[PDB]
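Colleague: This is the structure I have questions about; it appears just below.
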Amino acid sequence: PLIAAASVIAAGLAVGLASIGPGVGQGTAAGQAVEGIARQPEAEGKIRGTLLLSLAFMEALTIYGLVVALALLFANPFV
Amino acid sequence: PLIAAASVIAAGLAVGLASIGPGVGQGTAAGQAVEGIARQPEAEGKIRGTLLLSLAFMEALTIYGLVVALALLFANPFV
Amino acid sequence: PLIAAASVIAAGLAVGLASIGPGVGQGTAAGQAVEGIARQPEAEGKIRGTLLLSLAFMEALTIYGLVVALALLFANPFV
Amino acid sequence: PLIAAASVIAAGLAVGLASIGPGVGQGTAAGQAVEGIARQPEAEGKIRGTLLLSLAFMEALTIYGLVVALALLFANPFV
Amino acid sequence: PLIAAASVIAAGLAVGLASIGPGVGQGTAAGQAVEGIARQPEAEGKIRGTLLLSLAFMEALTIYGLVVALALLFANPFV
Amino acid sequence: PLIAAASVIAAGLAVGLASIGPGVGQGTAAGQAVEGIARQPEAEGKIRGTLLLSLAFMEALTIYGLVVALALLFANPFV
Amino acid sequence: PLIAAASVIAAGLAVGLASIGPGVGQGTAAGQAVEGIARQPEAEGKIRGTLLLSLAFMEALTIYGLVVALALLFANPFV
Amino acid sequence: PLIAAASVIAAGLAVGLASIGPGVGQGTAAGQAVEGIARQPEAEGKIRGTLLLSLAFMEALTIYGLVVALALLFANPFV
Amino acid sequence: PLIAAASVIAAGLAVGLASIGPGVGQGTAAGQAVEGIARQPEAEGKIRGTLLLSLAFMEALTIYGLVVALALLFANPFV
Amino acid sequence: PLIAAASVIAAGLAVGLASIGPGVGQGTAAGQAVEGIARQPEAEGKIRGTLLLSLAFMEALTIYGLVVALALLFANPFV
Amino acid sequence: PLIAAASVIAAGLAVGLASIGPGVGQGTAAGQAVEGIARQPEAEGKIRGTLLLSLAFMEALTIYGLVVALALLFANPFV
Amino acid sequence: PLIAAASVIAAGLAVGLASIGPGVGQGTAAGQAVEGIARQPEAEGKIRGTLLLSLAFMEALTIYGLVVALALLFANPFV
Amino acid sequence: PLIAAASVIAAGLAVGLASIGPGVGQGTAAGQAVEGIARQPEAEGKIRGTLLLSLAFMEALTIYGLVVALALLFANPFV
Amino acid sequence: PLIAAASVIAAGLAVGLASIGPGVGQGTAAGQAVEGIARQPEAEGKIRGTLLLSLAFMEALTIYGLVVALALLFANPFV
Amino acid sequence: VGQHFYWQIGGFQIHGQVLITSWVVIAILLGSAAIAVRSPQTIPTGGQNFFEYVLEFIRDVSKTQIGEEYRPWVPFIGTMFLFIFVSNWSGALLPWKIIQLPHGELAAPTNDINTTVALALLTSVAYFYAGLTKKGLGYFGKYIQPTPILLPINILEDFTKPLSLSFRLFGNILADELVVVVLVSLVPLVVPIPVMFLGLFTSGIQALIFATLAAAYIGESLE
Amino acid sequence: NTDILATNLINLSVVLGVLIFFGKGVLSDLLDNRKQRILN
Amino acid sequence: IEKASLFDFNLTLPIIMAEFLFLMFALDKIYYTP
Amino acid sequence: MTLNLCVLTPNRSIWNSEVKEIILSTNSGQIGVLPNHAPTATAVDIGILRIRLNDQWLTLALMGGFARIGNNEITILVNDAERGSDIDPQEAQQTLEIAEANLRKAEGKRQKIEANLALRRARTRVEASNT
């Protein structure tokens, strides 16, 4: 009825909105991480160690928007 | 009824909106933490100590939005 | 009825909206805290004492929006 | 009826909107407070006295929105 | 009826919208007020006399949204 | 009826919106004022004599939003 | 009727948005003015003759919004 | 009827919207005119004759929004 | 009826919306015109010969919205 | 009927939207064109021959909205 | 009926929306092109050959919006 | 009916919206390309071979939206 | 019926929206690439190998919104 | 019915909305990655090894929106 | 208040106000200029300085925009400045709300499209006259020189050069006079006079930006 | 017929006056300076 | 009397093209050449 | 009464008389100066320096360096500088031709560094001989 139709719009708003914050975040992180290799390539493992760890924090923001968005579709307690 | 449909839309807006503030925040903090490594690689242990601690605060701004959005679905007092 | 449906929408807007400012704010405070460590690593104890004391304020701006977001669901005087 | 439902959405807006203005403000205030310490660390007590005083003004901007938002739920003269 | 429900939503926007103009303003004014102390620590007492008055003009912009929104709730001449 | 209900909403939008321009405006005027005291502390009285007049013009832009928002509620001709 | 309800909403939007353009404008025009006095303080009277003359043009942009917003309330030809 | 209610809302949108372009415009123009005076005072009269030259164009943009807002209220052909 | 009510709203938006580009543009073009006079004040007639030629192209953009906004009210082919 | 009411709203949108992109563009394009004159005044005619040729492209973007907004009114095939 | 009323609003949007993109783009592209002439006027034949070609790509973006917008009015297959 | 009215509004958003993203992008790409010719005119054919290939990718983003908008009108499978 | 009318609007919002993120993103990438060639032209085989590879990824973000938008129209399972 | 109509809209917001953050992100990531090659071309394999691993993260943000948008079309459980 | 007109019939309908308003500009242009060319002097006397400094100004905006061959096009650009400069300064300064025609207003010759689209075509013929005289009759500046696929961009540029140059001049004079028309209905004349001085400022400038840009299309056609 | 009313021409008065006076000023300043240049 | 109805392409365009070319030739003979 | 200005080479100070108007080229390209100019430190290009004092105005070519300005004082540090009149007019354009062929025979980096640096030294030497 209305419940399955309103759950399915928020499954698109959860993911659509969640993706936006991190996309700018993972871009300015990887943007200055590769500028940093150009100033000193001897710190590549120091940069790729911190970048791949901090990009995992921004992966965790939009994966929470997909935990909700799959819960609205699949494990939906309302329908 | 309407209450199940109104709760389920706000489950997507709570999570979706929450992801946006932090993504732009975990990107400017991470990008200037990796740029700070390339300026002086001796202080990686001080940079990773300040970055991962401050990324946990910005992670806490999103897990607030996941506590509410799952409480609208799972422990929903109104349905 | 309508009151339980209007209260459960604003719990997703109270929290979602609240997290946007701090996520953006705690990024630029932490990013110029770690850029400051690379400028002078000897002052980490003056920086972590200043960052975490000032990240505690921007953490409190979202917990104010979480107090209302939990008051609409759990300690709701209207329903 | 409709009055309690309109009061309970606005409680959410007052707190949610209030978080946004200060969140970005306390970021740039604390962000240049920590970068100032890395410029001259012997001026710390002049900085923490000026940071924590000025963060108290930006904490007042959100607590004005919270006093209204609690008064919509608890001390509501219209319901 | 409709008079009270419209008076209670506007009590949220007025307090809520007001925080945004000042929140960014009390940040970038006080943010360079702390960086200015790090450049010239001899001029602290000149800065705090200029800052605390200029923040009070920005505290007065938010207090106008409070006096209106408290007049929409408490001293409401329409109901 | 509708006349007092539409009047009371725009008493919240007149005042709330008014704060936004000045809140951001009085910040960057005070920000480059206090930064300027750090560069030349000997020119303080020329700065406060300019800032207290510059903040007075931007205080006037928001007090226009209060003159209407007091007129919509108290000296309301339509009700 | 509906005319008096639509004339009073636009009385808020007339000055609701009037403040927004100029406030932001009177900030950066007064912001670089006080930086100008702090740079060469012998040119103060060449600045206050230009600042007060250019803040008058932006105060005129908002007094246009106040004239309309007071025309909708008092000298309203439709009611 | 509907015509006098629709003409009166666009009287607020014409004026409010028109003011926004100029405030931003007369901030960057008049801001870099007073900074220019500080840099080269000898050129005050060459700046004021180019500033009030160009502030008259941006005052002319808002005066289009004023008179159309006066044409909807007073010289209205439709009612 | 609806034709005269729709024609009278869009005459407020055409004028208001069009004005935003010129206000924003006629300040950045007038901003770096006076900043150029401060550099080399000999080239003022070389700058005013281009500045007046530049601000009238942006006066042409607002005026196309005002050719329409007077054609919607006065030379209205539909009513 | 509705078609004359729908077409007259879009003529306020076509012109209004079109005016915005160019107003912002012709300020930044001519603003750096005047700054280029003040750097090398010996190349003024080299700049104006490139400026006015490129301002005619941004003027062409706005005028495509004036072609539509007059075709919605005068050469309207639907009414 | 509603088919021609929807097609006549959308034509307005397509021409209107397209201008915002290339309007800002042709101002930054022609803006740094003319600032590039003041660095080295010897390559003005190299600048104008690349500028006028690159503006034709941005001119093609809006004219793609006008091929659709004329096909909603003139060659409209639904009416 | 409703199918033809909804398929024609989306043709305005398909290309109206598509023009916005690329247009801003092709301004920064062409703007620093023509500045790059000013930096080193000896690599003009190295710049134009990269620019005209990279402008072809951004032009292909709007041509994707032009395919959809010319699919909703002419080769529309729903009518 | 209502299914095909709602599906066809999302066919315009998918690629309409998809064009916006990538176009802006692509422009900066090519913008600092070509100005990077003007710094060191012998690195062009390294630059074009990195630009044309990364322009394929931002192209791949748009083709995700195009595969959906063609699937809403052509291979639509609901109609 | 309403369920298949509300599901098919949100597949346009999911994939369409999702692309916006990453598109801006991959542009500023690969933007400074290529400018990094123009400073030190000997670190190309350090730059391409870091960029392409981080472009896969921003690929993973947008591919999350595709997974939900394909789950609304193909593996849609509500219909 | 009033955006209408009365028409005069000579087989077709033509505007009475436009012809009449324009005639005064013609009589004030020839009537004041030809009083100083009656007996010239070597050293310019009082009154001849202003008509010489105008003529030295027209040579500035012709030579800078056209080039070495500005000197045949001086009387054209000298008309397109002065017929548009004096037409706008007649609207603000000459008191014509005292005279009452029984059907319409009298402010300016350029308040209708019929003047402004004619002046946009008289400057459109001029760069097709200069474009087809100096260069070849077979192929001229519209020929697709940098790329062959620039054809619809350059065909449509032919239409936008008289059209955007017309509605620039048409609108800002119609706007300026209407602000005078509207604000008089609200308030006596002591309030709108700073707004009229903002209007009389741009009233002469839109004439100057006409003749500057009109010469700027001449030099484009000659290349 | 002539329409006599003191709500138009009065304003025209003030600004025409101002304009005239200052125009006189500037023309003296800019035409006499050109005359001294040609006499120079 | 009638309403506004501007955007009139009546014969005032050839009238004002004629009177403008008359002004350009007469003003030529009095001002520009002399 | 104005700004004073000194132009000093690594062995010899050229100008030390008060002037009202200079317009120096720079790495940006052109900067005009009037007195009461805010203190600014720029780098100067290898090009001409046009100076306008009371009646007569003249150009002194300078071969690039550093120009900072203060409280009505412009010191210009330039590693070689010649007055635009004291270069004989045609004779620089002979030496420009000695450079213009020498870049046509330039090969390798160091001959494309040395010719193009000395060409711009020579090409902005002739432009003072005519100014």
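A quick note on method: Cβ atoms are made from the backbone with ideal geometry, for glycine too, and the neighbour counts reach across all protein chains shown. Every number here is computed from the coordinates shown, using simple stated rules; none is lab data.
Colleague: Any chance you could give the angle, 0 to 90 degrees and rounded to 10, that helix G:20-39 forms with the longest Cα principal axis of chain G?
Modeller: 10 degrees
Colleague: Relative contact order of chain C, please, whole-number percent, based on alpha carbon pairs below 8 angstrom and at least 6 residues apart.
Modeller: 57 percent
Colleague: Follow-up. May I ask you to derive the FRET efficiency for R:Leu58 and O:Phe51 from their Cβ-Cβ distance with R0 = 45 Å, giving the value to the nearest 0.05?
Modeller: Numbers: r = 37 Å, r/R0 = 0.82.
Plugging the Cβ-Cβ distance into 1/(1 + (r/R0)^6) gives 0.75.
Colleague: Oh, and also: Could you please report the charge total around Q:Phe20, scoring K, R as +1 and D, E as -1 over all other residues with beta-carbon less than 15 angstrom from its beta-carbon?
Modeller: Details: positive: none; negative: O:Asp112, Q:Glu19, Q:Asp28.
Result for the local shell: -3.
Colleague: What is the distance, in nm, between label points placed 7 Å from the Cα along the Cα-to-Cβ direction at P:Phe21 and at D:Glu42?
Modeller: 6.4 nm
Colleague: Here's a follow-up. Run the simple label-point estimate for O:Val190 and Q:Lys29 please: 7 Å along Cα→C-beta, distance reported in nm.
Modeller: Using points 7 Å along Cα→Cβ, the separation is 5.1 nm.
Colleague: Once both labels are modelled 7 Å past Cα along the beta-carbon direction, what's the O:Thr133-O:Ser32 spacing in nm?
Modeller: Once both label points are built, they end up 3.0 nm from each other.
Colleague: Considering chain P, what Rg and Dmax in Å follow from its alpha-carbon atoms?
Modeller: Every Cα atom of chain P included, Rg and Dmax give 17.1, 54 Å.
Colleague: Could I ask something else about it? In whole angstrom, note down how far apart the Cα centers of the range R:49-104 and the range H:1-78 are.
Modeller: Using only Cα atoms to place each centre, the spacing works out to 47 Å.
Colleague: On to the next question. How crowded by other chains is O:156-169, given as the mean number of beta carbons from other chains within 10 Å of each beta carbon?
Modeller: Mean partner-chain Cβ count within 10 Å for O:156-169: 5.
Colleague: Taking beta carbons within 10 Å but only from partner chains, what does the mean come to for residues O:85-92?
Modeller: Numbers: counts 0, 0, 0, 0, 1, 0, 0, 4.
Mean partner shielding for this stretch: 1.
Colleague: Viscosity 1.306 mPa s, temperature 10 °C: Stokes-Einstein D of the protein assembly as shown from its Kirkwood Cα radius, in µm² per second? Provide the component values of the computation, followed by the final result.
Modeller: Numbers: Rh = 34.3 Å.
D, rounded to a whole number, is 46 µm²/s.
Colleague: Percent relative contact order of chain R, based on C-alpha pairs within less than 8 angstrom and at least six residues apart? Intermediate results must be reported in sequence, preceding the final value.
Modeller: Numbers: 275 pairs, mean separation 29.6, N = 131.
The value is 23 percent.
Colleague: When the label point is put 7 Å from the Cα of O:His103 along its Cα-to-beta-carbon vector, which residues of the range O:9-36 have a backbone N closer than 20 Å?
Modeller: Once the point is set 7 Å along Cα→Cβ of O:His103, O:9-24 turn out to lie under 20 Å by backbone N, inside the range O:9-36.
Colleague: If you don't mind, there's one more thing I want to ask. May I ask you to derive the FRET efficiency for R:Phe66 and P:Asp32 from their Cβ-Cβ distance with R0 = 56 Å, giving the value to the nearest 0.05?
Modeller: 0.80
Colleague: Which FRET efficiency value, to the nearest 0.05, do you get for O:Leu156 and R:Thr26 by plugging their Cβ-Cβ distance into 1/(1 + (r/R0)^6) with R0 = 56 Å?
Modeller: Efficiency, rounded to the nearest 0.05: 0.85.
Colleague: Quantify how strongly other chains surround peptide O:211-219 by giving the mean number of their Cβ atoms within 10 Å of each of its Cβ atoms.
Modeller: 2
Colleague: Going from the alpha-carbon gyration tensor of chain R, what semi-axes, largest first and in whole Å, does one get by taking the root of 5 times each eigenvalue? Display every interim value, and only then the final one.
Modeller: Values: eigenvalues 166, 53, 25 Å².
Equivalent ellipsoid semi-axes, largest first: 29, 16, 11 Å.
Colleague: Under a 5 Å amide H to amide H cut-off, with H placed in plane at 1.01 Å, what residues pair with R:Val44 once short-range neighbours are removed?
Modeller: R:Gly65, R:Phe66, R:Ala67
Colleague: If you don't mind, there's one more thing I want to ask. Can you list residues whose amide H is under 5 Å from R:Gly32's amide H, if they're 5+ apart or on another chain and H is modeled 1.01 Å from N?
Modeller: I:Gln40
Colleague: To continue, here is another question. Find, among the trypsin sites (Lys or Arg not before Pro) in the range O:123-223, those assigned to loop by DSSP (not H, G, I, E, B) with at most 14 other beta-carbon atoms within 10 angstrom.
Modeller: O:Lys134, O:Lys142
Colleague: Another question, then. Let me know the shape class of the range O:1-91, please: from the alpha-carbon gyration tensor, a ≥ b ≥ c as square roots of the eigenvalues, rounded when a/c is under 1.5, otherwise prolate if a/b is greater than b/c, or oblate.
Modeller: prolate
Colleague: Next up: When a/c reaches 1.5 or more, the comparison of a/b and b/c decides; with that in mind, is chain B rounded, prolate or oblate per its Cα gyration tensor?
Modeller: prolate
Colleague: Tell me whether chain O comes out rounded, prolate or oblate; compute the Cα gyration tensor, take square roots of the eigenvalues as a ≥ b ≥ c, and use a/c under 1.5 as the rounded threshold.
Modeller: In terms of gyration-tensor shape, oblate.
Colleague: Measure nothing fancy, just the Cα-based angle from helix B:44-71's long axis to the longest principal axis of chain B, in degrees from 0 to 90, nearest 10.
Modeller: 0 degrees
Colleague: Near O:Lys135, which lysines are there with a Cα under 29 Å away, not counting those fewer than 8 places off in the same chain?
Modeller: J:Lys46, K:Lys46, O:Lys63, O:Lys161, Q:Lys29
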